[PDB]
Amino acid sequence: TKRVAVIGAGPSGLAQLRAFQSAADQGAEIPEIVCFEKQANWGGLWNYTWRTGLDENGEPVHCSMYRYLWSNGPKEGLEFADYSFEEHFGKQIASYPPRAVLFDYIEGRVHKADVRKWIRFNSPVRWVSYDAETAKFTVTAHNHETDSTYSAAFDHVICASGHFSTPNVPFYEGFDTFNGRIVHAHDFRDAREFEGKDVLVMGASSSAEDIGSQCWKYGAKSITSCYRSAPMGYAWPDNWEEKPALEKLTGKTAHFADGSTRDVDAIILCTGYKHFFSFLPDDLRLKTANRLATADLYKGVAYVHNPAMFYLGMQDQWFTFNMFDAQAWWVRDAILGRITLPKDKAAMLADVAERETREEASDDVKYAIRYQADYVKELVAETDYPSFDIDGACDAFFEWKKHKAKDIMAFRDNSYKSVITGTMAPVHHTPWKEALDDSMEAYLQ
């Protein structure tokens, strides 16, 4: 029978397995499915490890999450359409669950699906090549359990290896002589480390917002965040200041583009990540900016130069869990023959160009959110993934945006209408800035 290789067992790869199992249950014949995962367990970025740099096996650490991390968007906007929060936890929980709770949720669905047997853990993929003569991909992987590398042929490869794990780490004058901690968000683990310290946070996006917030919450003396384009612009706490571009450090003195100066004890680089695939040749390797319209992906999933190769979750993310579902169902259907891809590369390239032009038509944030909503709507209309109230999820994000603009430090103290019932979520039992306990234990009581 045909065989499919899935690279990664994060939310996207897990969605892919769930998709195939769902189709199998309906009586459709499915190909063999083999999922290769570098880590010892599934969950992708939702794993936590104290390790940074390289893991116990010597592979680059995938994890970018830190202690005390909570959902940074409304949970109502990421609910699986086929596995409700209610079905999983039994009851209704708050709108911003901590890391451990969302991991439990992700895990519940694939536990129910009985798809763990398709996964090979501690098995980083080393290489993928395609042979036009045989029409097969050869996947080379290393099993760290046995310390043995092997190769096998597949009819399709679906890459779900994430794009928020290989850091963008710029050099600025003085970085190499600074008497202090300099760490990228990727390797940041414990905000308690910076208690009583003056912290410099470089960047102006999600990681800068939240890591600055963690350092503040866990007692940093002061936060200085610097941008190079547009300021985050929120009304910050009294000990937090936003500066324009960093020019250089001299000793522990940071010099900014406006000529202002500031002594800092540590520097956290929240400068984002790159799309990076250490395991792919030129003819299969996705090269793209991080944005809502991903380069070279037909329908945002099928690699234009070889549409037997697919990619999941490579877009920048407003929507997440249910977007990955929409993609995985779509990719499944393409492989199963429920969807037929163009045999015209020009048509595939035009599809991408339209997506890019439409994304660029406006720089408005609500426009961006609606753009991705439109994408999820597009995909879901084209498979048997259950229709769901995308407009509502959209509204959730809109309200969330307003809540952050109002109070950057208290936006997690809010509730949103479930997309299934339309009922607001319970208020959590402890204000976020007071919620020091990470555990799923403390969260659910």
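Numbers follow the displayed sequence, beginning with 1.
Engineer: Of the two stretches 122-130 and 195-203, which shows the higher Cα B-factor on average in the entry?
Structural biologist: Per the deposited B-factors, the answer is 195-203.
Engineer: Averaging the C-alpha B factors as listed in the entry, name the stretch that ends up higher: 285-293 or 251-259.
Structural biologist: Result of the comparison: 251-259.
Engineer: Choose from 360, 87, 104, 333 the residue with the greatest Cα B-factor as stated in the PDB record.
Structural biologist: Highest C-alpha B-factor among the listed options: 87.
Engineer: In terms of CA temperature factor as recorded, identify the highest of 379, 40, 30, 420.
Structural biologist: Top of the list by C-alpha B-factor: 420.
Engineer: Of the three thirds of its chain by CA temperature factor, lowest, middle or highest, which one includes residue 22?
Structural biologist: Tercile = middle for this residue's CA B-factor.
Engineer: Using the B-factors in the PDB entry, rank residue 241's C-alpha atom against the chain and give the third, lowest, middle or highest.
Structural biologist: It belongs to the highest third of the chain when residues are ordered by C-alpha B-factor.
Engineer: Ranked by Cα temperature factor within the chain, is residue 80 in the lowest third, the middle third or the highest third?
Structural biologist: Its C-alpha B-factor belongs to the middle third of this chain's values.
Engineer: Pull the Cα B-factor of residue 53 out of the PDB entry and bin it into the chain's lowest, middle or highest third.
Structural biologist: Middle third by C-alpha B-factor.
Engineer: Just say lowest, middle or highest third for the CA B-factor of residue 218 relative to the other modelled residues in its chain.
Structural biologist: Highest third.
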